[PDB]
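Below you'll find only one chain, the form deposited in one PDB entry, shown as structure tokens.
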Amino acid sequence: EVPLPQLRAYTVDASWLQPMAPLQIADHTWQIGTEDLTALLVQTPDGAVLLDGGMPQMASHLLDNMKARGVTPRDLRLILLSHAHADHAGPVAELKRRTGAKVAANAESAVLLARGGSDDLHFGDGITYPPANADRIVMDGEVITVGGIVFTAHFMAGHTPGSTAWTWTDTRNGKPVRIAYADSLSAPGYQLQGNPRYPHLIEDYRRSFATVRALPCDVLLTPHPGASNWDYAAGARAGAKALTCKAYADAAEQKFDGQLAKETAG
């Protein structure tokens, strides 16, 4: 009669998979992912840090861009994550096998990473990737220091329980630049109200909007560059139109309120 359906691959817009050369954000901070997925390399005298890696198939491209920047596999010391979905943490397991890197994450992100995104609160097993283990668990507001660049974790639960903003201070034209890599604030297809798998979902998003609004934030970056109005293909003007953290949080809250109203009506 009728067989069960074939497994469906997690397919994405081509621009999410379009390689780009490294794009400099500040003196030691570079975008090294694809046109439409952020993966940030921060280079110190004491090794390099990667914040996100994008999709599972991006590992070799990331390593090629690291090499172009002078970062060998032994020089990658630390991987940090915005959240542990397949389009941001996809290549983490492979990167750990191929480099010196260790992963630091909060408990919620660590648990999701260790199950490869399976049993997701909203997606089930629809979007999985190779599992990886965290080497260090961080708490809210904890700092991690690499070569005198201090990264601070700001938990902003909602998009996932373990969603995190990472902040650090780099320099540009001699002057300090407070960089905020704020996680996604979307809720794509989520049941927001009365969700048995996430009962306090709405309260957590509301707190997260407030957290993002208050981040130290001369420059905002986001896992999907379009969410913060970055255009990584625009060269010297890639960041010209970027939102402030305040504007990003307000836009996300307006969208969220509209989604709540539509859910009540549906």
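For the two forms, the rigid core is made up of the largest set of C-alpha atoms that agree within 1.5 Å on superposition. In case it trips you up, residue 1 is the first one in the sequence shown, and so on.
| said: Given a rigid core fit, name the stretch, 2-10 or 256-264, whose C-alphas are on average farther from the form shown here in 7 other deposited structures of this protein. | reply: Between 2-10 and 256-264, greater C-alpha deviation in 7 other deposited structures of this protein belongs to 2-10.
| On average, are the C-alpha B-factors higher in 80-88 or in 174-182? | For C-alpha atoms only, the mean B-factor is higher in 174-182.
| field | Mean Cα B-factor comparison, 191-199 or 109-117, giving the higher one as deposited | value | The entry gives the higher C-alpha B-factor average to 191-199.
| request: Tell me, please, which of 161, 126, 141, 131 has the highest C-alpha B factor according to the deposited entry? | output: Out of 161, 126, 141, 131, the record gives the largest C-alpha B-factor to 126.
| message | By the CA temperature factor listed in this entry, which of these ranks top: 33, 223, 235, 56? | response | Among 33, 223, 235, 56, the highest C-alpha B-factor in the entry belongs to 235.
| query | Lowest, middle or highest third: where is residue 12 by Cα B-factor in its chain? | reply | Residue 12: CA B-factor falls in the middle third of its chain.
| request: Give the position of residue 228 by CA B-factor within its chain, expressed as the lowest, middle or highest third. | output: It belongs to the middle third of the chain when residues are ordered by C-alpha B-factor.
| query | Among the modelled residues of its chain, does the C-alpha B-factor of residue 71 lie in the lowest, middle or highest third? | reply | For residue 71, whose C-alpha B-factor we compare with every modelled residue in the chain, the answer is the highest third.
| So where's residue 146 on the chain's Cα temperature factor ranking, which third? | Answer is highest: the recorded C-alpha B-factor places it there.
| message | Going by the CA temperature factor in the PDB record, which third of the chain does residue 37 belong to: lowest, middle or highest? | response | For residue 37, the deposited C-alpha B-factor lands in the lowest third.
Below, we refer to the form deposited with a small molecule bound, which is not included among the displayed structures.
| task | Find the only residue in 149, 153, 110, 180 having a heavy atom within 4.5 Å of the small molecule in the bound PDB entry. | result | When the small molecule is considered in the bound PDB entry, the option within 4.5 Å is 149.
| request: Answer with one of 70, 199, 235, 45: the residue that has a non-hydrogen atom within 4.5 Å of the small molecule in the bound PDB entry. | output: Filtering the options by heavy-atom distance leaves 45.
| query | Can residue 28 be called a contact residue for the small molecule in the bound PDB entry at 4.5 Å between heavy atoms? | reply | Close contact exists here: in the bound PDB entry, residue 28 approaches the small molecule to within 4.5 Å, heavy atoms only.
| query | Any of the heavy atoms of residue 169 lying within 4.5 Å of the small molecule in the bound PDB entry? | reply | It does: once the small molecule is placed as it appears in the bound PDB entry, residue 169 has a heavy atom within 4.5 Å of it.
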